[PDB]
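Derivation of every value follows stated rules applied to the coordinates shown; laboratory data play no part. A quick note on method: Cβ atoms are made from the backbone with ideal geometry, for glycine too, and the neighbour counts reach across all protein chains shown.
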Amino acid sequence: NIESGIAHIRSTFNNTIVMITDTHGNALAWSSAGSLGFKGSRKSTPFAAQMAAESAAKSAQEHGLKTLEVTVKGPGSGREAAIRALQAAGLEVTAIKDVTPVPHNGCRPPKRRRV
RNA sequence: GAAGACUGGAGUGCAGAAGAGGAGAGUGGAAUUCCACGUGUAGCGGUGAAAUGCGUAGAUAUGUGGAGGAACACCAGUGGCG
Ligand SMILES: [Mg+2]
Ligand SMILES: [Mg+2]
């Protein structure tokens, strides 16, 4: 019995996580690639992202909602599968906003690999 | 070498110009970490594959607030100063 939810998709090189929340920040249900029962490196596949997004949409619809807002972060490739699954589950999306955090030359990054 | 004479060298005068040149004091935003509190449940992280590791004493995620330190995205350019 909540409308106007928000979806947070965190898709990285190793996993993807979908958070469904109210318009304020209180979570309702969540689903991750490993929560579906997947193995390790297989979590990065966009197929697992599609499955996780479908599961999150179904769990959100169990309590019922109509519209949704999409926030984007992470460098993973499971983004498109997640957003298309959210579209196909019956939820309309007002807009997609990217919230990938970029610093203004803040803390130094860890050293490059194979050195 | 000595005594004179002259401005091309050199320097001063007068009028403008540009610059991350140097020292001192104060301030700003983005982000990371830690702490406290709401929502929420079983994984998160990582790799060529894994595992050590954190997590039901309740993470990862998300919202609010607080503490502190370091570095200054776009401008940015075989551009500039020494
Ligand atoms: Mg001259
Ligand atoms: Mg938190």
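What FRET efficiency, computed as 1/(1 + (r/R0)^6) with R0 = 22 Å and r the Cβ-Cβ distance, is obtained for A:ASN14 and A:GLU80, rounded to the nearest 0.05?
Values: r = 17 Å, r/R0 = 0.79.
Working from the Cβ atoms, E equals 0.80.
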_Segments A:90-100, A:57-67 sorted - mean Cβ within 10 Å per residue, highest first_ = A:57-67, A:90-100
*Report ³J(HN,Hα) in whole Hz for each residue of region A:73-79, in order, from the Karplus equation J = 6.51 cos²θ - 1.76 cosθ + 1.60 where θ = phi - 60°; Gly and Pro get x.*
7, x, x, x, 9, x, 5
*Which percent, to the nearest 5, of DSSP beta bridges fully inside chain A are antiparallel?*
50
*Rounded to the nearest Å, what's the spacing between the alpha carbon centres of region A:38-63 and region A:80-115? Just the number, please.*
16
*Potential lengthening between A:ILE2 and A:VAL99 on full extension [0.36 nm per residue; Cα-Cα distance subtracted]*: 32.5 nm
*In whole Hz, what ³J(HN,Hα) sequence does region A:104-113 give by Karplus (6.51, -1.76, 1.60; θ = phi - 60°), x for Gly and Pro?*
8, 6, x, 5, 6, x, x, 5, 5, 7
_Most positive-pole-ward Cα, A:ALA89, A:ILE9, A:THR67, against dipole of chain A from beta carbon charges_ = A:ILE9
*Straight-line reach from A:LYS111: which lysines have Cα under 23 Å away, leaving out those fewer than 8 places along the same chain?*
A:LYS73
*Dipole magnitude of chain A about its Cα centre (Cβ charges: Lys, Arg +1; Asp, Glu -1), debye to nearest 20*: 1020
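Multiply the residue gap between A:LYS66 and A:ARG113 by 0.36 nm, knock off their C-alpha separation, and tell me the result in nm, one decimal place. Display every interim value, and only then the final one.
Details: separation 47, 0.36 × 47 = 16.92 nm, distance 4.53 nm.
Going from the current span to full extension adds 12.4 nm.
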*Tabulate in residue order the Karplus-calculated ³J(HN,Hα) for region A:20-29, using 6.51 cos²θ - 1.76 cosθ + 1.60 with θ = phi - 60°, rounded to whole Hz; enter x for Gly and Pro.*
9, 9, 5, 6, 9, x, 7, 6, 10, 8
